[PDB]
Amino acid sequence: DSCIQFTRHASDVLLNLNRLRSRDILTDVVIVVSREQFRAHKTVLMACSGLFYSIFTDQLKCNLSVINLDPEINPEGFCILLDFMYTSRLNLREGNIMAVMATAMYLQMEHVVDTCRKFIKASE
Amino acid sequence: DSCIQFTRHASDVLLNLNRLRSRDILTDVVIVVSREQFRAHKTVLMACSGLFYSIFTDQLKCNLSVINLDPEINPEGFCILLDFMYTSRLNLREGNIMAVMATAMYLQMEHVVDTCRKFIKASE
Amino acid sequence: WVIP
Amino acid sequence: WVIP
Ligand SMILES: O=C1Cc2cc(Nc3nc(Cl)ncc3Br)ccc2N1
Ligand SMILES: O=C1Cc2cc(Nc3nc(Cl)ncc3Br)ccc2N1
Ligand SMILES: [Cl-]
Ligand SMILES: [Cl-]
C-alpha cells in the first residue's frame with residue numbers, strides 16, 4: 001500500500017496498556033501463582049504467551065476470571081515476565097535467571113527462553 | 001534498572017492484537033458510525049484515542065457493549081483510523097485526508113492530527 | 001512518520 | 001535484545 005507509519009505507535013500503545021494495568025483499569029483476569037495474585041488484560045497475555053493464547057481461545061476457559069498456574073511456577077519469575085509483557089523490559093539477574101527461564105518455557109515466550117539460554121551459556 | 005529490552009516486543013504485541021481483531025477474538029465493544037459497525041478491543045481504543053480513554057474510564061460507559069459516534073463522523077475515516085490503531089500504518093490519501101483529520105480530531109489522536117495538518121499545508 |  |  002501507500003501507507004505512512006508512526007514509528008513510536010506500538011511502544012506508545014504498550015506504555016498506555018501498562019498505565020491501565022497499574023491503575024487496574026479494564027483488567028479482566030486474575031492469574032494465581034501459589035499464594036500470589038496478578039491482575040492483567042487477557043488480550044495482552046495472549047499477545048505475549050503461547051500458553052495464554054491457547055487458554056483464552058478455548059471456548060470454556062475464555063470465560064474464566066481466574067486462572068491457576070502449575071504449582072511449580074515461581075511467583076517472582078511470573079512477576080518479571082508479566083512486567084516484560086507490558087514493557088518490553090526484562091529484569092534478568094543471576095539470582096532469578098533459572099526461575100525466569102522455567103516460567104518463560106511454561107508460558108511459551110520463545111524470545112525470553114532464547115535470551116535466558118544465551119545468558120546461561122555465557123556463564124558456564 | 002539493569003533490565004534488557006526486546007526491540008521488536010511492542011510491534012509483535014500490536015501485530016498479535018490485530019490478529020485477534022481480524023478473527024474477532026475477545027473483542028468487547030461495537031463502535032457504530034452511522035450505518036456501519038466496527039468491532040474492537042476497549043483497551044486498544046483507549047490506548048490510541050483520548051476520546052475512547054475518557055469514554056471507557058467513565059463508571060457508566062465502561063460497561064456499554066455499543067458506542068454510537070457523532071453522526072458527522074465518516075465511516076471510512078473511522079475505518080482508516082481503526083486500522084492505524086492496530087497497525088501503526090495510516091492510509092492517508094488526497095481523497096480521504098479531510099475525513100481522516102476530522103475523525104482524528106474528534107477521537108483525540110494528536111499525532112494523526114499533526115501529520116494531516118502538515119500534509120494539507122504542503123498541498124496549499 | 002516514515003515510509004514503511 | 002539491547003541495553004535500553
Ligand atoms: O513465544 C510466543 C509468543 C506468542 C504469542 C501468541 N499469540 C498470538 N499468536 C497468534 Cl499467531 N495470533 C494471535 C495471538 Br494473541 C502465540 C504464540 C506465541 N509464542
Ligand atoms: O492523542 C492521544 C492518544 C491518547 C491515548 C490516551 N490513553 C491513555 N492515556 C493515559 Cl495517560 N493513560 C492510559 C491511557 Br489507555 C489518552 C489520551 C490520548 N491522546
Ligand atoms: Cl517472548
Ligand atoms: Cl495518534
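All ligand and atom numbering here is 1-based and tracks the order in the structure. Within every chain, numbering begins at 1; the chains are lettered A, B, ... in the order of the sequence lines, protein sequences first and strands thereafter. Every heavy atom of this structure was used, including side-chain atoms; hydrogens, water molecules and symmetry mates were not.
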- [ ] Could you check whether the rings of A:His111 and B:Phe6 sit parallel, tilted or perpendicular, using 30° and 60° as the cut-offs?
- [x] parallel
TODO: Report, in ascending order of atom number, the atoms of ligand 1 lying under 4.0 Å from any heavy atom of A:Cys48.
DONE: 3 (C)
TODO: Give, for atom CG of A:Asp83 and atom CZ of A:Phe78, the distance between the pair rounded to the nearest 0.5 Å.
DONE: 10.0 Å
- [ ] Just let me know how B:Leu20 lines up against ligand 1, side chain, backbone, both or neither, with a heavy-atom cut-off below 4.0 Å.
- [x] side chain
Open item on the list: Taking 4.0 angstrom as the limit and counting only heavy atoms of B:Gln108, give me the atoms of ligand 2 inside it, by number and element.
Closed with: 1 (O), 2 (C), 3 (C), 19 (N)
Task: Proximal ligand 1 atoms for A:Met46, defined as those under 4.0 Å from one of its heavy atoms - done: 5 (C), 6 (C), 7 (N), 8 (C), 15 (Br)
Task: Sub-4.0 Å atoms of ligand 2 with respect to non-hydrogen atoms of B:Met109 - done: 1 (O)
- [ ] Measure the shortest side-chain to side-chain distance between A:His41 and A:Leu20 over non-hydrogen atoms and say whether it is less than 4.5 angstrom.
- [x] yes
TODO: Compute whether any side-chain donor of one residue and acceptor of the other, for A:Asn18 and A:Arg21, lie under 3.5 angstrom apart.
DONE: yes
TODO: Only counting residues at least two apart or in another chain, list the ones meeting side-chain hydrogen bond (donor to acceptor under 3.5 Å, both in side chains) with B:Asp1.
DONE: none
